[PDB]
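Student: One structure, pasted below without further comment.
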Amino acid sequence: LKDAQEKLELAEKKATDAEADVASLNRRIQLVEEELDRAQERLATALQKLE
Amino acid sequence: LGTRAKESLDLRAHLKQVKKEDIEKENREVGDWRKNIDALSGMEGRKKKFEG
């Protein structure tokens with residue numbers, strides 16, 4: 001039980017940590033993708049202007 | 001004949017002035033505004049509120 005207790009607590013902490021990491025990284029990837037797309041639209045504007 | 005011909009040019013000089021000197025009133029409107037960038041710096045918000 002005590003062994004099971006420690007196993008359970010450690011696994012739960014590890015799981016919550018991984019979840020928080022992946023969620024925040026998902027937010028980051030969203031932000032960087034927004035950067036990319038908005039920059040692409042700037043690229044299109046510039047292309048039209050130059051042509 | 002020369003004076004009569006030059007009279008029309010002198011008259012058209014005023015029209016030329018009205019055409020040209022007046023557009024000098026302002027020409028900086030071609031100057032564009034700031035249009036600053038974020039560079040992934042203006043991202044300091046969470047999924048808390050979106051309607052406002």
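Labeling convention for the structure tokens: chains A, B, ... as they appear, residues from 1 per chain, ligands from 1 in order of appearance.
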Distance cut-off 8 Å, counting only C-alpha atoms - which residues of chain B neighbour chain A? Return them as an mmCIF file with N, CA and C atoms, in the first residue's frame.
Tutor:
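Output contents, as saved in out.cif:
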data_model
loop_
_atom_site.group_PDB
_atom_site.id
_atom_site.type_symbol
_atom_site.label_atom_id
_atom_site.label_comp_id
_atom_site.auth_asym_id
_atom_site.auth_seq_id
_atom_site.Cartn_x
_atom_site.Cartn_y
_atom_site.Cartn_z
ATOM 1 N N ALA B 39 6.730 40.563 -33.468
ATOM 2 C CA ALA B 39 7.913 39.716 -33.285
ATOM 3 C C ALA B 39 7.737 38.756 -32.110
ATOM 4 N N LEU B 40 6.528 38.207 -31.977
ATOM 5 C CA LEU B 40 6.177 37.302 -30.883
ATOM 6 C C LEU B 40 6.549 37.914 -29.532
ATOM 7 N N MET B 43 2.297 38.838 -27.162
ATOM 8 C CA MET B 43 1.479 37.674 -26.825
ATOM 9 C C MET B 43 1.608 37.464 -25.321
#
Student: Please report the interatomic distance between atom CA of residue B:38 and atom CA of residue A:30 in Å with one decimal.
Tutor: 15.0 Å
Student: Taking the DSSP assignment computed from this structure's backbone, write out as a PyMOL selection string all residues of chain B that belong to helix (DSSP H, G or I).
Tutor: chain B and resi 2-23+28-30
